[PDB]
Amino acid sequence: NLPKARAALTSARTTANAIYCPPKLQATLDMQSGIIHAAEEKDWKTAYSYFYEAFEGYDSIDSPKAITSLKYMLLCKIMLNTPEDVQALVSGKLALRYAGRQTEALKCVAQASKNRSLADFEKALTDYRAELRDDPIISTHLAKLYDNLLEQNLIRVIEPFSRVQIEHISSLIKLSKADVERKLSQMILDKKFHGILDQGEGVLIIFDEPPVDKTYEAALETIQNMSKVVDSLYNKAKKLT
Amino acid sequence: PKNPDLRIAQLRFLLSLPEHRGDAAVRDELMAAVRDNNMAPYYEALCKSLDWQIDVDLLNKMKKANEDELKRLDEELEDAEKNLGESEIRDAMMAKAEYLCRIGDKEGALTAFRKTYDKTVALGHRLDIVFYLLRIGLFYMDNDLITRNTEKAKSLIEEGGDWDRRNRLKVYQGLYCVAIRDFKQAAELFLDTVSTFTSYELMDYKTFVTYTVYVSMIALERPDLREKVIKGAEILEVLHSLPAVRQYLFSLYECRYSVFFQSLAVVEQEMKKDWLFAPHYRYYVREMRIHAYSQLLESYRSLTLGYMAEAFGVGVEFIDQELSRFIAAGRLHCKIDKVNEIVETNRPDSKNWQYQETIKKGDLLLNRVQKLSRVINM
Amino acid sequence: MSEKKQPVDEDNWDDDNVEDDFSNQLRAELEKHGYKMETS
Amino acid sequence: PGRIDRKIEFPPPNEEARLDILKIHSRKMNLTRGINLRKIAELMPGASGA
């Protein structure tokens, strides 16, 4: 229940400064802000920073609580795939302080973030399935990943040659008409992909001529030129009568 | 002191289109009659709803109690003016005299408004006038006074800033933009969102979320659409509480047309049962279609209507005349072949037509400065 | 003019141009498009 | 020692001093109307108008 969790988080906002010292609240409040907002899909890198700020407050607390705490933050590095904070965290003394079993399995999970590599990703997906169960939201984490990795693999095969047949290139992605080809059509709507397909002969042809410096810089000024005359129409009509 | 009577305005529209319930609308109106001392709310409803039987002395002892309350406000103006003060006497009488406008007809309206409009030294008391013309302009269908009072509120109170009652104009002018047809300024003035929070004049803010989301799916473009809801914080939690509204926004980005005939019909059901949307629900239907058809045809240069029947389930003769009456009206010009199951896009509208607006406006405009040049001499 | 022959002998109205096109074509329309669900 | 001219003591922050100095500097900002300027001035003993 997300609205109930926000109401529970809202009650923690006024309770943080209510008593004298939290003693630890805002550290957990920022962690709770990195959960509900993570389900709200507000922002990734900032929510990942809340797991980093909470990890700084996790120093000298119950180890069974800190051994499952790295399950959330290191899998968050898997969701983002571009946190840019990788080298900062994992190279520090605080992230490497845990030598235990489960965290060593998370050490290669944090390495799997630097891995990507679909063929490797589909493999470690089964090896890390034990850590997949502790994922708070299993759908949102791996769906955006695999959907982002889709077009990451799509831009690789379409790049070398301009036009591509859609029957052979879809055999690598295992299907054509159901979803994939509709996802490539959505990339045209998002401008990430420039090209057009052919349903009859099954060939995707990429063609682009984006720049036009003659039409755009002209018509915009002519429309502005109308505003120059319309504003002068007040001078014209008033001086005559 | 609006939402109780503002719901009576919803009761007026509740009786308008459907004839089914005349009892359900008159029971909560009598419950609104026994309080607030409403006279005109049940006077004009007496013609639309049932004529009874009898109200009369049952509600006449309330207007007699109003008469005792009206005469004590009249006794308040000459008794308090015996002393001297700034706005203390005249503001105390106008707020409750504008409440006497809530009793009935135009009597309390015109006597309170124009009398106290001169002495007011604050922009807040001048807006209470404008605020109470907008509520009676909501009750009665007259569009005259609601355009005039907002014009007076924009000159005096905007000088100048304010946090609250200036943002209410963005809601009211935004409600005027949604009352008439204005797509761009409506969603633009609705960007305040939770900054206005909830007020007696703002009713339920969740209903205001439904008002700003219906104008956002048209005027706000698809790149900007997903940009506002995703990146938005306070506007995101209010749409998440509504599963039907949130599913429509995610489906609009998902482009699946199987749920559009369902979800939009549910939205159209709300469009039918809401006031001021009666003349405007006819164009809104197909406007979201071309909004979905825009990105649709952009996918493939050659498209088959058999593939359209998949998501439409099953469009065959429906989209035939549909898309035909679109291109004929100048909405999403395209070439769709019949019995050959071929759609052609194109249309390269960034080349030929973009040069035409030059001489198009350059005809009537330049003709005006022609006659204007013939004025000299004589 | 006023000379010669002729002296002897947003808005919703602006939106009515598109609205009147709906009067003679496809109504508004909701109930009909709502019936298209169960038909096919 | 007030010699020779009108005697003006450099004002410390005062109740009536914090009331007018706050209302003037608040004209350049957008502030809510549900705020009480009387209590906020008394909650700041000492300090200064700056």
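Per-chain numbering applies: from 1 upward along each written sequence, possibly unlike the entry's numbering, with residues missing coordinates excluded. Naming scheme: in the order in which they are written, chains are lettered from A and ligands are numbered from 1. Only some chains of a larger assembly appear here, and every value describes just that portion. The side-chain figures draw on all heavy atoms in the structure; neither hydrogens nor water molecules are used.

In the PDB archive, cryo-EM is given as the structure determination method for this entry, at a resolution of 8.0 Å.

What the PDB entry is called, per its title line, is "Structural basis for dynamic regulation of the human 26S proteasome". UniProt positions are given in the numbering used here, feature names are shortened, and annotations may be inferred rather than shown by experiment. Annotation of chain C in UniProt includes, under Sequence similarities, the sentence "Belongs to the DSS1/SEM1 family."

Looking up chain A in the PDB entry gives the name 26S proteasome non-ATPase regulatory subunit 11, with the organism given as Homo sapiens. The UniProt entry for chain A carries the following comment under Sequence similarities: "Belongs to the proteasome subunit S9 family."

When you look at the overall build of chain C in this model, what are you seeing that I'm missing?
Helix numbering and strand numbering both begin at the N terminus, where a helix is a DSSP run of H or I of at least 4 residues and a strand a DSSP run of E of at least 2. A count of helical and extended segments in chain C gives 2 helices and 0 strands. By its C-alpha atoms, chain C is 65 × 20 × 10 Å across when sized along the principal axes. For the exposure calls, accessible area comes from a 1.4 Å probe over protein chains only, and a residue counts as buried if that area is under 20% of its type's maximum, exposed if over 50%, partly exposed in between. Taking all 40 residues of chain C together, the buried fraction comes to 22%. Just so you have it, chain C exposes about 3300 Å², and 49% of that area is on carbon and sulfur atoms. Positive: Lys, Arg. Negative: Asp, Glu. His and the chain ends are not part of the count. One atom stands in for each charge, and that atom is NZ of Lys, CZ of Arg, CG of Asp or CD of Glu. Across chain C, 5 positive and 13 negative side-chain charges occur, with their mean positions spaced 9 Å apart. Under the convention used here, a 1.4 Å probe and the Shrake-Rupley method define accessible areas, while residue burial counts only the protein chains that appear.

Sorry if this is basic, but what is going on with the side chain of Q354 of chain B here?
Inspection of the secondary structure puts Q354 of chain B in helix α19 (residues 352-374). On the accessibility criterion, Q354 of chain B (16% relative accessible area) is buried. Contact between two residues is taken to exist if any of their heavy atoms lie within 4.5 Å; hydrogens are not considered. Setting aside chain neighbours within four positions, we find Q354 of chain B in contact with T215, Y216 and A219 of chain A together with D349 of chain B.

What should I look at first to understand helix α3 (residues 40-48) of chain B in this one?
The periodicity of an α-helix, 3.6 residues per turn, causes residues three or four places apart in sequence to face the same way. Listed as buried for α3 of chain B are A40, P41, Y42 and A45 of chain B. Its buried side turned inward, α3 of chain B meets α1 (3-16), α2 (23-33) and α4 (57-80) of chain B.

Which parts of the structure should I look at to understand the packing of aromatic side chains?
Remark: the centre distance and the inter-plane angle together describe each pair of aromatic rings, the angle taken between the planes. Only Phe, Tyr and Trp rings take part, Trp by its six-membered ring, and two of them pair if their centres are within 6.5 Å. Stacked means planes under 30 degrees apart, edge-to-face means over 60, and tilted covers everything else. For the structure shown, the criterion picks out 12 aromatic pairs over all chains. Here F55 of chain A and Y98 of chain A contribute two aromatic rings whose centre-to-centre distance is 6.1 Å and whose plane-to-plane angle is 50°, an arrangement assigned as tilted. Here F55 of chain A, found in helix α4 (residues 44-57), pairs with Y98 of chain A, found in the loop between α7 (86-91) and α8 (101-115); they are 43 residues apart in sequence, far enough to count as distant. Per residue, the accessibility class of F55 of chain A equals that of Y98 of chain A, and both read buried. Among the aromatic residues, ring-to-ring pairing joins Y248, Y257, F260, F261, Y293, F312 and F326 of chain B into one connected group. Only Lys NZ and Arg CZ are tested; either one counts as a charge over a ring when it is within 6 Å of the ring centre and within 35 degrees of the ring normal. Taking the ring centre of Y281 of chain B as reference, the NZ or CZ of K272 of chain B above it sits at 4.7 Å.

Could you clarify how one ought to interpret the interface of chain B and chain A in this entry?
Interfaces are frequently sized by the accessible area removed from exposure as the parts join. If you look at the interface, chain B gives 33 residues, while chain A gives 29 residues. Summed over both partners, the accessible surface that disappears when two parts come together, traced with a 1.4 Å probe, is what is meant by buried area. Roughly 2800 Å² of surface becomes buried between chain B and chain A when both sides are summed, with 59% attributable to carbon and sulfur atoms. By salt bridge we mean one thing: a side-chain nitrogen of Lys or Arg within 4 Å of a carboxyl oxygen of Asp or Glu. Between chain B and chain A we count 3 salt bridges in total. Note that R6 of chain A and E237 of chain B form a salt bridge whose closest N and O atoms lie 3.2 Å from each other. As used in this structure description, the phrase polar contact means that two N or O atoms lie within 3.5 Å; if the pair is within protein, one of them must be able to donate a hydrogen and the other to accept it, and residues adjacent in sequence are counted only when both atoms belong to side chains. Inspection of the chain B/chain A interface yields 9 residue pairs in polar contact. Of all the secondary structure elements, the ones that give two or more residues to the side of chain B that touches chain A are α12 (222-231), α13 (234-240), β1 (302-303) and α19 of chain B. Per-element tally for the side of chain B that touches chain A: the top contributor is α19 of chain B, with 10 residues.

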